[PDB]
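Asks: Handing you this structure, nothing more for now.
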Amino acid sequence: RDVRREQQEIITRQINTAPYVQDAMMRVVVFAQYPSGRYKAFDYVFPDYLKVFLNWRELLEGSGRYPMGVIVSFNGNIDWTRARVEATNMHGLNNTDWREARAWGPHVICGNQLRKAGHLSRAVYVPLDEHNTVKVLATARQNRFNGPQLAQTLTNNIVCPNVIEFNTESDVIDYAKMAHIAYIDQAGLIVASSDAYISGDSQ
Amino acid sequence: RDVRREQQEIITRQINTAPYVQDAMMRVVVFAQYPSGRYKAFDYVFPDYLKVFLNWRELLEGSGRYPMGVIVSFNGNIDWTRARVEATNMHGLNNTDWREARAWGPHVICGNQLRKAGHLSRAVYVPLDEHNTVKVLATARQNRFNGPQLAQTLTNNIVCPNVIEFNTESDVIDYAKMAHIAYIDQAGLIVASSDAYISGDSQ
Amino acid sequence: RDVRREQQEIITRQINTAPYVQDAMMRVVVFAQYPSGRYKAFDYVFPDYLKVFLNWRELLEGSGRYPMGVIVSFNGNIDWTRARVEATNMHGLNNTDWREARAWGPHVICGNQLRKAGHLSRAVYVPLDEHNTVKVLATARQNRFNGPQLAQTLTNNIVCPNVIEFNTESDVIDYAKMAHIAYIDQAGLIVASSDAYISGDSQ
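Protein chains in written order, with our numbering: chain A, 1 to 203; chain B, 1001 to 1203; chain C, 2001 to 2203.
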């Protein structure tokens, strides 16, 4: 009877389900917070996998200040059992002595450290101190990494980075809402999500 | 009898055939055209595959102007059935809503949209508007992407980018001729090619 | 009896052996030497493989001078049979004519051209002239590149680059000693190494 409603329901479902298709895009954003109240975002869209290393100079604010921390926003059909973040030293090392450092540290940020912001999204806050660097790994949920599919995955995976400067958190927040990505505001509230709702937050 | 001629013929053939050897170099160039009449070239040489994303700030002219469009020049033993280009939005997305965007769009630039500039070369003009971004994919013609060869291909593939600024199209044109790469001049003529001719354009 | 000594011996061994674990970090550094007496270092840490192309503008000193040459320092569980360096032209080509250029040149720098600086380290000096570019390849000693392991290797390999400016060679030298990496001083002496010694250079 109410096919107008049914169609809108299917559209909502479609939006929530499209990211699970094999060549769907994923979106990871690293929001850097500065004492000034300003933010800088490193926004990555990618279809298969993302490996990020933000060096200490990239993390600096225009004024030259280092960030208090980052909000790392994971969005899409990401394998949550392998999604991870760690704050390394100025050299990108998780042990001061490189001879005993590894690809990832024994206390890498993962598991339930990533907060649920919807079925499509996780977010985590990571405090930083001076000269810290940031590493992020996100991979598509399995396999495109097996045997013959690995070839297409390698050549198909074009990571598209953007760096965005925000004057205030309000700008970050509205950016996140309109980009449909998880964000955690300064009070710790989840104020943006990838999940589409047919009536918004009506309940 | 005329072995001097035969040898020159073999040299011509060798030049035209060398790019088809498995570890041969390929060359893709993105020529950005600005209203000023100036051009900027993103010149990539690579042995196996190339994935390019040019962000909106990279595409800007020194003055700060955005390009009218790009000429994408494909050269070498490229798989023409998979070679492609697309103009994405400022975020590198082919759908404004990332949740319904994909690795490549439903109308990606490919097939006979790429103009033949010789057996070794294709070229295509792509008009751009403000904040557009550019994505290019080029892969070596099959397999180096199969099973055990994929390992060497991954580690062997060092993409060597150069960014070159030109004052006038004449500079672009002579650059393309001497670099043996396809280029399409402002009148739409193919004025450069990778194909070697023993007597030049003598017919 | 002397378990204090034994433990220190095991610690020394552990430091020397840790880099051979499958997810251990490797470290490659390209030290650029300028006529000014200043140096610039491109310092890479990575777990699986490293592909480097330093373009001519990256190689320039702040003043705008080109380097006299580079010291390439290889450290870790590197496959010394495949480790290599070459100085290409401004375009990253090992043949002026790209149609006859290849992934690596017929006289690529490898084998015993790399000087032994310990069981963990090799180093080589490479003179450069204006507009030369530099290519480096280093891979973990086998296999993580075979079949099903290639997937993890691809996603696990986050290369962490740092660019460091030094005022004098003395600064470079002490940097190399404290970073436990091979370096060859201006007299040609090996003055730094990754190898840990329980009593230092006491013999």
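Even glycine gets a Cβ: it sits at the ideal position worked out from N, Cα and C.
List the endpoints of the continuous alpha helix (DSSP H) containing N2077/C.
Replies: The residue given as residue 2077/C occupies position 77 in the third sequence. Here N2077/C belongs to no alpha helix (DSSP H), and DSSP marks it neither H nor E.
Asks: Ignore the nearest five residues each way along the sequence and tell me which others in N2016/C's own chain have a CB closer than 6 angstroms to its CB.
Replies: Within the third sequence, residue 2016/C is the residue found at index 16, counting from 1. So the qualifying residues of the chain are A2196.
Asks: Thinking C-alpha only, which one of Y183/A, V159/A, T168/A and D171/A is nearest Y44/A?
Replies: As a first step, residue 44/A is located in the first sequence; it is residue number 44 there, counting from the start. Nearest C-alpha to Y44/A: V159/A.
Asks: Considering just the uninterrupted stretch of the beta strand (DSSP E) at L1050/B, what are its terminal residues?
Replies: On the second sequence, residue 1050/B is found 50 positions in, with the first residue counted as 1. Counting along the chain, the beta strand (DSSP E) containing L1050/B begins and ends at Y1049 to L1054.
Asks: Please list the terminal residues of the continuous beta strand (DSSP E) segment that includes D1043/B.
Replies: In the second sequence, the residue the question calls residue 1043/B occupies position 43. That run of the beta strand (DSSP E) goes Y1039 to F1046.
Asks: Hey, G37/A and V126/A: beta-carbon distance below 9 angstroms or not?
Replies: The residue you call residue 37/A lines up with position 37 of the first sequence. The residue you call residue 126/A lines up with position 126 of the first sequence. No; because the gap between Cβ atoms is not below 9 angstroms, this pair is not in contact.
Asks: Measure from the C-beta of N2162/C to each C-beta in chain B and report whether the shortest distance is under 9 angstroms.
Replies: The residue you call residue 2162/C lines up with position 162 of the third sequence. With 9 angstroms as the cut-off, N2162/C does not count as an interface residue toward chain B.
Asks: Can you give me the Cβ contacts of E2009/C inside the same chain, cut-off strictly under 8 angstroms, excluding the 5 residues immediately before and after it?
Replies: Position 9 of the third sequence, counted from the first residue, corresponds to residue 2009/C. Excluding residues within five positions, the ones whose Cβ falls inside 8 angstroms are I2198.
Asks: Consider the Cβ of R2038/C: report whether some Cβ of chain B lies at a distance smaller than 9 angstroms.
Replies: Translated into positions along the third sequence, residue 2038/C becomes position 38. Not closer than 9 angstroms to any Cβ of chain B, the Cβ of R2038/C fails to qualify, so no.
Asks: So, is the C-beta of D1097/B closer than 9 angstroms to a C-beta in chain A?
Replies: Taking the first residue of the second sequence as 1, we reach residue 1097/B at position 97. Yes, because at least one Cβ of chain A sits closer than 9 angstroms to the Cβ of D1097/B.
Asks: May I ask you to report which of helix, strand or coil DSSP gives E9/A?
Replies: Taking the first residue of the first sequence as 1, we reach residue 9/A at position 9. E9/A falls in the helix class under three-state DSSP.
Asks: Could you tell me whether any Cβ in chain B is nearer than 9 angstroms to the Cβ of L2150/C?
Replies: To locate residue 2150/C, count along the third sequence from 1; it is residue 150. Interface residue, yes.
Asks: Three or more C-beta pairs under 8 angstroms: does that hold for the segment 1021-1035 of chain B against the segment 2091-2105 of chain C?
Replies: yes
Asks: Between the beta-carbon of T1155/B and the beta-carbon of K2051/C, is there less than 9 angstroms?
Replies: Position 155 of the second sequence holds residue 1155/B. Position 51 of the third sequence holds residue 2051/C. Result yes, Cβ atoms of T1155/B and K2051/C sit closer than 9 angstroms.
Asks: For the segment 1127-1139 of chain B, list every residue whose C-beta sits within 8 angstroms of some C-beta in chain A, in sequence order.
Replies: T1133, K1135, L1137 and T1139
Asks: With a Cβ-Cβ cutoff of 9 angstroms, do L1137/B and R1082/B count as a contact?
Replies: Translated into positions along the second sequence, residue 1137/B becomes position 137. Translated into positions along the second sequence, residue 1082/B becomes position 82. Between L1137/B and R1082/B, the C-beta spacing is below 9 angstroms.
Asks: In chain B, which residues lie less than 8 angstroms from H119/A when you measure between Cβ atoms?
Replies: As a working note, residue 119/A is residue 119 in the first sequence. Within 8 angstroms Cβ-Cβ: nothing; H119/A doesn't reach chain B, min ~12 angstroms.
Asks: Determine, using beta carbons only, whether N2143/C comes closer than 9 angstroms to chain B.
Replies: Along the third sequence, one-based indexing puts residue 2143/C at 143. Taking Cβ atoms only, chain B reaches closer than 9 angstroms to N2143/C, which makes this a yes.
Asks: Got a sec? Which residues, its chain only, sit under 7 angstroms from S1194/B by beta carbon, not counting five neighbours each side?
Replies: The residue given as residue 1194/B occupies position 194 in the second sequence. Counting only Cβ-Cβ distances below 7 angstroms, and skipping sequence neighbours, we find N1075, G1118, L1120, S1121, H1180, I1181 and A1182.
Asks: Looking at the structure shown, is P2019/C part of a helix, part of a strand, or coil, going by DSSP?
Replies: Locating residue 2019/C in the third sequence gives position 19, counting from the first residue. DSSP places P2019/C in helix when its eight states are reduced to three.
Asks: Closest to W1104/B by CA distance: which of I1011/B, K1116/B, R1084/B and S1170/B is it?
Replies: Counting from 1 along the second sequence, the entry for residue 1104/B is found at position 104. Of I1011/B, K1116/B, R1084/B and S1170/B, the residue nearest in Cα terms is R1084/B.
Asks: So which residues on chain B does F2042/C lean against when the C-beta distance must stay under 7 angstroms?
Replies: For this step, residue 2042/C is matched to residue 42 along the third sequence. The premise fails here: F2042/C is roughly 15 angstroms from chain B at the closest Cβ pair, so nothing lies under 7 angstroms.
Asks: Are any of the Cβ atoms in chain B nearer than 9 angstroms to that of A196/A?
Replies: The count along the first sequence starts at 1 and reaches residue 196/A at position 196. Yes, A196/A lies at the interface with chain B (some Cβ there is under 9 angstroms from its Cβ).
Asks: The beta strand (DSSP E) that contains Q33/A, what's its start and end?
Replies: Position 33 of the first sequence, counted from the start, is the residue given in the question as residue 33/A. Note, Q33/A: beta strand (DSSP E), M26 to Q33.
Asks: Using only CA atoms, which one of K1135/B, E1061/B, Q1142/B and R1004/B lies nearest to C1110/B?
Replies: Within the second sequence, residue 1110/B is the residue found at index 110, counting from 1. Closest option to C1110/B, Cα to Cα, is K1135/B.
Asks: Going straight from the alpha carbon of residue 226/A to that of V30/A, what length do you get?
Replies: In this structure chain A extends from 1 to 203, so residue 226/A is not present and cannot be described.
Asks: Using a Cβ cut-off of 8 angstroms, pull out every chain B residue sitting near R27/A, in sequence order please.
Replies: The sequence position of residue 27/A within the first sequence is 27, counting from 1. Going along chain B in sequence order, the residues near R27/A (Cβ under 8 angstroms) are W1098.
Asks: I'd like the ranges of any beta strand (DSSP E) spanning at least 3 consecutive residues and lying wholly in the segment 2065-2143 of chain C.
Replies: 2069-2075, 2084-2088, 2121-2127 and 2133-2139
Asks: Going by CA-CA distance only, name the one from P2067/C, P2148/C and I2071/C that's closest to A2187/C.
Replies: Locating residue 2187/C in the third sequence gives position 187, counting from the first residue. Of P2067/C, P2148/C and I2071/C, the residue nearest in Cα terms is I2071/C.
Asks: Return no unless some Cβ of chain A is closer than 9 angstroms to the Cβ of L1154/B.
Replies: Looking up residue 1154/B in the second sequence gives position 154. For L1154/B, the answer is yes, since a Cβ of chain A falls inside 9 angstroms of its Cβ.
Asks: Find the residues of chain B that neighbour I11/A, judging by a C-beta separation of less than 9 angstroms, and give them in chain order.
Replies: Taking the first residue of the first sequence as position 1, residue 11/A is located at position 11. Those within 9 angstroms of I11/A in chain B number zero; the least Cβ separation is about 10 angstroms.
Asks: Just verifying my parser: in three-state terms, what is the DSSP assignment at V2003/C?
Replies: By 1-based counting over the third sequence, the position of residue 2003/C is 3. If DSSP states are grouped into helix, strand and coil, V2003/C belongs with the helices.
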